[PDB]
Amino acid sequence: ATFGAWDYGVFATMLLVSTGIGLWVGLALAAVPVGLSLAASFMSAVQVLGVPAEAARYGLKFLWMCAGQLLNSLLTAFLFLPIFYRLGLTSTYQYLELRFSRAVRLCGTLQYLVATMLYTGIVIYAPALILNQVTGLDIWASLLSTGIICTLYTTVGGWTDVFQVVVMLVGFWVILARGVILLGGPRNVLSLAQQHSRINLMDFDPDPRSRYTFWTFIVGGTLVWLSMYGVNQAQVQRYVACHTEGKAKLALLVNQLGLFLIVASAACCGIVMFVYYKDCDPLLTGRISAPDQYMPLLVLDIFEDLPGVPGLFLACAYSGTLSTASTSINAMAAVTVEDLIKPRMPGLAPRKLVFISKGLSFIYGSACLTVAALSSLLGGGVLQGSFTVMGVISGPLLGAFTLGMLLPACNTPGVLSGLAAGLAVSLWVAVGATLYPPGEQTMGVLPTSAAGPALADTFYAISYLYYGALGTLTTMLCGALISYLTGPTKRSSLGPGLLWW
Ligand code: NA
């Protein structure tokens with residue numbers, strides 16, 4: 001029910017060792033490692049908690065997420081990697097500089113900082129949620145602990161990604177292997193899932209309100225993962241540092257393979273989790289309050305006769321998530337210093353520049369902890385929360401980049417107005433859904449079992465995967481229209497720039 005004795009020791013020892021190695025790194029590349037770094041940059045305990053739960057509650061439709069990811073990678077390697085290897089170097093928003101203006105560069109950097117801050121807040125909340133659900137500590141003590149450890153990793157801590165990805169994969173495989181053997185027979189699990197309508201691959205429901213479906217997954221995942229891989233500063237930084245566009249596409253391929261493995265393993269583990277709870281769903285029984293508590297519960301249930309392992313898995317999912325959060329915070333600080341402060345403070349006390357970078361890292365860590373606390377209080381849903389954070393905020397940024405590249409007739413006022421309109425629409429739909437969320441029947445939640453305004457109904461029910469796609473598209477539409485209203489930009493006035501070349 002709540003770890004025990006051996007698994008408490010396992011959790012504590014593993015977390016202490018992880019902190020020690022982090023401090024050692026902070027005090028004391030090839031396509032494959034950098035691609036696995038690309039994969040690890042966005043996979044954390046959020047995906048451990050959410051993907052199995054979403055698969056269990058909807059059923060093997062979540063595999064279509066992989067397809068979305070696939071599209072993302074392809075588009076990147078064919079739309080943004082070539083241009084961010086010849087035109088936009090060093091930074092990603094320098095393209096917005098040399099294309100539209102420095103004002104658009106500042107707008108893009110601010111959007112990236114806000115999106116990353118909120119995403120890292122959700123990321124920090126995920127291990128806090130794991131600790132609260134497992135160890136029993138109230139969510140606020142768990143948030144205090146996770147924030148303290150993340151700030152220790154960032155301020156003090158200053159192949160780790162490969163280790164994280166392999167740990168995620170092995171954990172998922174161990175869970176879904178122990179579950180199948182305990183239940184008895186992979187064929188039996190598949191048959192039980194089929195009976196309870198968990199094998200639902202071919203879902204083409206054109207209704208956007210249906211939370212998960214091929215039509216929703218392809219477009220929404222493509223757009224969100226593009227905003228997270230095609231224009232994200234960290235990912236593009238990892239591209240341009242790969243030393244070759246052709247060898248950067250190899251990194252993207254490795255990243256895509258890692259994402260495929262993680263998502264497939266998580267969905268299969270979620271199906272095993274449901275078939276484990278085929279007759280008595282914990283949600284109906286009240287054993288847990290939110291679906292995000294599904295994964296920590298099963299881990300406790302499966303290995304009740306095998307102490308220690310739950311602590312190992314849920315301490316790996318803690319340390320890896322904290323490493324991801326610290327990398328995000330430090331990247332935010334570095335981006336702020338390099339892209340904003342340095343231009344207006346060119347040669348003032350490089351030691352002061354290091355001091356300012358440290359201060360920004362601390363400020364961003366604190367802000368991310370505050371966002372984690374807000375997410376804890378402000379309802380729940382971590383996988384949807386992260387995709388609505390990276391969707392509404394960064395979606396318009398991807399729209400700005402795509403308008404700057406694809407459309408020759410795009411101008412600084414055009415892209416700025418498009419960004420404003422896209423942010424407005426995306427936040428409008430997000431708040432409408434938060435206040436007036438759709439029901440389980442509308443979204444498409446599969447049946448459970450316990451035997452052991454017109455606008456708010458037609459729009460706010462839109463699948464969360466459509467938030468980002470709603471923003472980006474808006475930025476591409478409005479930004480285009482205003483461009484042709486104020487003044488169409490001339491192809492001659494642009495350098496290589498546009499993908500058309
Ligand atoms: Na996510």
# chains A, B, ... in the order shown; residues from 1 in each chain; ligands from 1
$ residues_around --residues "residue 439 in chain A" --least-positions-apart "2" --cutoff "12 Å" --atoms "only C-alpha atoms" --output "VMD selection string"
chain A and resid 209 to 211 433 to 434 436 to 437 441 to 445 456 to 458 460 to 463
$ closest_atom_pairs --of "chain A" --to "ligand 1" --cutoff "7 Å" --atoms "only C-alpha atoms and all ligand atoms" --output "JSON lines"
{"residue": "A:42", "atom": "CA", "partner": "ligand 1", "partner_atom_place_in_ligand_line": "1 (Na)", "distance": 6.4}
{"residue": "A:43", "atom": "CA", "partner": "ligand 1", "partner_atom_place_in_ligand_line": "1 (Na)", "distance": 6.9}
{"residue": "A:46", "atom": "CA", "partner": "ligand 1", "partner_atom_place_in_ligand_line": "1 (Na)", "distance": 6.6}
{"residue": "A:47", "atom": "CA", "partner": "ligand 1", "partner_atom_place_in_ligand_line": "1 (Na)", "distance": 6.5}
{"residue": "A:383", "atom": "CA", "partner": "ligand 1", "partner_atom_place_in_ligand_line": "1 (Na)", "distance": 5.5}
{"residue": "A:386", "atom": "CA", "partner": "ligand 1", "partner_atom_place_in_ligand_line": "1 (Na)", "distance": 5.1}
{"residue": "A:387", "atom": "CA", "partner": "ligand 1", "partner_atom_place_in_ligand_line": "1 (Na)", "distance": 5.3}
$ residues_around --residues "residue 362 in chain A" --least-positions-apart "3" --cutoff "12 Å" --atoms "only C-alpha atoms" --output "JSON, numbers by chain"
{"A": [147, 148, 150, 151, 152, 153, 154, 155, 156, 158, 326, 329, 330, 331, 332, 333, 334, 355, 356, 357, 358, 359, 365, 366, 367, 368, 369]}
$ closest_residue --among "A:274, A:215, A:428, A:484" --to "residue 459 in chain A" --atoms "only C-alpha atoms"
A:428
$ residues_around --residues "residue 114 in chain A" --least-positions-apart "3" --cutoff "12 Å" --atoms "only C-alpha atoms" --output "ChimeraX atom specification"
/A:107-111,117-121,328-329,332,336,364,367-368,371,389-394,397
$ write_last_selection --atoms "C-alpha atoms" --output "PDB file, in the first residue's frame"
ATOM      1  CA  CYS A 107       8.632  37.307 -28.612  1.00  0.00           C
ATOM      2  CA  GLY A 108       9.750  33.810 -29.579  1.00  0.00           C
ATOM      3  CA  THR A 109      12.273  33.642 -26.750  1.00  0.00           C
ATOM      4  CA  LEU A 110       9.629  34.753 -24.246  1.00  0.00           C
ATOM      5  CA  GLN A 111       7.178  32.155 -25.564  1.00  0.00           C
ATOM      6  CA  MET A 117       8.717  26.989 -17.358  1.00  0.00           C
ATOM      7  CA  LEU A 118       5.183  25.584 -17.338  1.00  0.00           C
ATOM      8  CA  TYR A 119       6.289  22.270 -18.862  1.00  0.00           C
ATOM      9  CA  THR A 120       9.049  21.892 -16.270  1.00  0.00           C
ATOM     10  CA  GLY A 121       6.522  22.740 -13.574  1.00  0.00           C
ATOM     11  CA  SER A 328      15.451  22.456 -18.720  1.00  0.00           C
ATOM     12  CA  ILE A 329      16.061  25.098 -16.037  1.00  0.00           C
ATOM     13  CA  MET A 332      16.267  28.451 -19.841  1.00  0.00           C
ATOM     14  CA  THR A 336      17.910  34.140 -21.374  1.00  0.00           C
ATOM     15  CA  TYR A 364      13.550  29.594 -13.074  1.00  0.00           C
ATOM     16  CA  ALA A 367       9.147  29.487 -10.815  1.00  0.00           C
ATOM     17  CA  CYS A 368       8.964  25.881 -12.025  1.00  0.00           C
ATOM     18  CA  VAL A 371       4.038  26.018 -11.320  1.00  0.00           C
ATOM     19  CA  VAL A 389       1.168  23.718 -21.837  1.00  0.00           C
ATOM     20  CA  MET A 390       3.517  23.013 -24.746  1.00  0.00           C
ATOM     21  CA  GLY A 391       0.575  23.288 -27.145  1.00  0.00           C
ATOM     22  CA  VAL A 392      -1.105  26.599 -26.371  1.00  0.00           C
ATOM     23  CA  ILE A 393       2.154  28.448 -25.680  1.00  0.00           C
ATOM     24  CA  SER A 394       4.608  27.019 -28.211  1.00  0.00           C
ATOM     25  CA  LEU A 397       5.727  29.913 -32.029  1.00  0.00           C
TER      26      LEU A 397
END
$ closest_residue --among "A:347, A:259, A:304, A:311" --to "residue 35 in chain A" --atoms "only C-alpha atoms"
A:259
$ closest_residue --among "A:257, A:29, A:71, A:189" --to "residue 238 in chain A" --atoms "only C-alpha atoms"
A:29
$ closest_atom_pairs --of "range 172-195 of chain A" --to "range 276-300 of chain A" --cutoff "10 Å" --atoms "only C-alpha atoms" --output "JSON lines"
{"residue": "A:175", "atom": "CA", "partner": "A:299", "partner_atom": "CA", "distance": 7.2}
{"residue": "A:178", "atom": "CA", "partner": "A:299", "partner_atom": "CA", "distance": 9.9}
{"residue": "A:179", "atom": "CA", "partner": "A:276", "partner_atom": "CA", "distance": 7.4}
{"residue": "A:180", "atom": "CA", "partner": "A:276", "partner_atom": "CA", "distance": 8.7}
{"residue": "A:182", "atom": "CA", "partner": "A:276", "partner_atom": "CA", "distance": 9.1}
{"residue": "A:183", "atom": "CA", "partner": "A:276", "partner_atom": "CA", "distance": 6.9}
{"residue": "A:189", "atom": "CA", "partner": "A:276", "partner_atom": "CA", "distance": 8.8}
{"residue": "A:192", "atom": "CA", "partner": "A:278", "partner_atom": "CA", "distance": 8.2}
{"residue": "A:193", "atom": "CA", "partner": "A:278", "partner_atom": "CA", "distance": 8.7}
$ select_by_dssp --residues "range 158-352 of chain A" --states "alpha helix (DSSP H)" --output "ChimeraX atom specification"
/A:160-183,186-195,214-216,222-229,233-240,245-276,282-285,294-302,309-336,342-344,350-352
$ atom_distance --atom1 "CA of residue 314 in chain A" --atom2 "CA of residue 256 in chain A"
24.7 Å
$ residues_around --residues "residue 52 in chain A" --least-positions-apart "2" --cutoff "6 Å" --atoms "only C-alpha atoms" --output "PDB file with N, CA, C and O atoms, in the first residue's frame"
ATOM      1  N   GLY A  50       1.211   8.877 -17.327  1.00  0.00           N
ATOM      2  CA  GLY A  50       0.094   9.149 -18.209  1.00  0.00           C
ATOM      3  C   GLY A  50      -0.146   8.128 -19.298  1.00  0.00           C
ATOM      4  O   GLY A  50      -1.285   7.705 -19.507  1.00  0.00           O
ATOM      5  N   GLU A  54      -3.628   6.447 -19.993  1.00  0.00           N
ATOM      6  CA  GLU A  54      -4.411   6.768 -21.182  1.00  0.00           C
ATOM      7  C   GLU A  54      -4.701   5.517 -22.000  1.00  0.00           C
ATOM      8  O   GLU A  54      -5.811   5.348 -22.515  1.00  0.00           O
ATOM      9  N   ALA A  55      -3.714   4.632 -22.139  1.00  0.00           N
ATOM     10  CA  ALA A  55      -3.951   3.385 -22.856  1.00  0.00           C
ATOM     11  C   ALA A  55      -5.003   2.541 -22.153  1.00  0.00           C
ATOM     12  O   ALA A  55      -5.903   1.998 -22.798  1.00  0.00           O
ATOM     13  N   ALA A 266       4.949   1.666 -22.952  1.00  0.00           N
ATOM     14  CA  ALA A 266       4.022   2.262 -21.999  1.00  0.00           C
ATOM     15  C   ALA A 266       2.580   1.886 -22.312  1.00  0.00           C
ATOM     16  O   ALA A 266       1.806   1.577 -21.403  1.00  0.00           O
ATOM     17  N   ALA A 267       2.194   1.909 -23.590  1.00  0.00           N
ATOM     18  CA  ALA A 267       0.828   1.534 -23.947  1.00  0.00           C
ATOM     19  C   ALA A 267       0.553   0.068 -23.629  1.00  0.00           C
ATOM     20  O   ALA A 267      -0.520  -0.272 -23.113  1.00  0.00           O
ATOM     21  N   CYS A 269       2.027  -1.712 -21.332  1.00  0.00           N
ATOM     22  CA  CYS A 269       1.948  -1.800 -19.881  1.00  0.00           C
ATOM     23  C   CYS A 269       0.612  -1.280 -19.373  1.00  0.00           C
ATOM     24  O   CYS A 269       0.065  -1.802 -18.400  1.00  0.00           O
ATOM     25  N   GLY A 270       0.068  -0.250 -20.019  1.00  0.00           N
ATOM     26  CA  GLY A 270      -1.243   0.243 -19.631  1.00  0.00           C
ATOM     27  C   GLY A 270      -2.347  -0.758 -19.908  1.00  0.00           C
ATOM     28  O   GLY A 270      -3.285  -0.899 -19.118  1.00  0.00           O
TER      29      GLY A 270
END
